[PDB]
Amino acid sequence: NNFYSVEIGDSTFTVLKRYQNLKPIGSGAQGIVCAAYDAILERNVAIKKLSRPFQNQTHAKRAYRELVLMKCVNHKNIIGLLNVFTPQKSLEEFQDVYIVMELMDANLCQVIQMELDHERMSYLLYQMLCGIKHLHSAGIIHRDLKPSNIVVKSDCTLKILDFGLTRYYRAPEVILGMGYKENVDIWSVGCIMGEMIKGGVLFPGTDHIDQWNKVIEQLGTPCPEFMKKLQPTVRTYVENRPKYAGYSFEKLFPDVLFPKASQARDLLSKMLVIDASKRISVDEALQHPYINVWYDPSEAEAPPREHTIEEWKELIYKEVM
């Protein structure tokens, strides 16, 4: 009676009366998302109905992780929570979790291929990095940034859609089975940037092995010191490819491609480094002359197991409440 129902395909959305004009815009394994107008905040929102949160402990933990990290994490460059709710009135009746977020206009897939000027390119990248830096401060390393999970509005603002864990934006650490650290995210930012400057996917591997070869064909075969860090099985393969020299970044990104171009190149040459121990950090990328132009300390320096289904249910119910 605070709630009403709309049918979205085979699924029923029961939502607060403030949320009108529901139109489905997403449907994965994680859940159905509708766009919607919020009549109280007088703006557009995205409403996500969680796919079977208590079906099992895999779903239960992921839903818990989503709920808590969205509550606590708070930054203009990260999709934040506007609201959460359930239409059910008691722990016993509890079934469905609705998360409400700001509605963004687009993802980066189609935008990045339209040649942006430096100002916009650098500003978008400055934004991503402030978002990543904030995620990293909360102990969240994403591992899976790509055009599809970075969202923008027509006012050139930008947010990171989700909290992570198309293999084209995966770091070599992830592609092989090596450990990773914070700067695993720098790689994904490196691919995205290169793409902006070039106009198409940097490393379009047709499979989890061709991804490697695409990378080395352009960047050169990594050091034998890097090879020693690999698992035996992957090292026997990788170590026995033909040796690639790679091209210098001047060749990989010549003045010809750009709308400053020298600065963007130096940065790229520091992000797309295969060996992560030699790859630039988030903080060093924020201080880079190509990115530093926008620096604002309020943006680039802000502040930060075992259960059964019935326990998870409660834990989630309380978080809704």
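Rigid core: the largest C-alpha set superposing within 1.5 Å between the two forms. Numbers for residues come from their place in the sequence shown, where the first is 1.
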(request) On a core superposition, give the stretch, 41 to 49 or 273 to 281, with the larger average C-alpha separation from this form in 4 other deposited structures of this protein (RMS over structures and residues). (result) 41 to 49
(request) Figure out for me whether 85 to 93 or 199 to 207 is the more displaced stretch in 4 other deposited structures of this protein, taking RMS C-alpha distance from the shown form once the rigid core is superposed. (result) 85 to 93
(message) So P259 and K260 are neighbours in the shown sequence, but is anything from the deposited sequence left out between them? Give the count as none, 1 to 3, 4 to 9, or 10 or more.
(response) 4 to 9
(message) Residues without coordinates, deposited sequence, stretch from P297 to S298: is the count none, 1 to 3, 4 to 9, or 10 or more?
(response) none
(message) Which is higher on mean Cα B factor in this entry, 88 to 96 or 151 to 159?
(response) 88 to 96
(request) Output the stretch having the higher mean C-alpha B factor in the entry; the candidates are 240 to 248 and 123 to 131. (result) 240 to 248
(request) Name the one of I25, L16, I309, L22 with the greatest CA B-factor according to the PDB entry. (result) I309
(request) Between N44, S269, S277, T58, let me know which has the highest C-alpha B-factor in the entry? (result) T58
(message) Looking at the temperature factor on the CA atom of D38, which third of the chain's modelled residues does it land in?
(response) middle
(message) By the recorded C-alpha temperature factor, relative to the other modelled residues in its chain, which third is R265 in?
(response) middle
(message) Test of reading the entry: by CA B factor among the chain's modelled residues, which third contains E182?
(response) lowest
(request) Tell me, lowest, middle or highest third: where does the Cα B factor of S281 rank within its chain? (result) lowest
(request) Relative to the other modelled residues of the same chain, rank the CA B-factor of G199 and answer lowest, middle or highest third. (result) highest
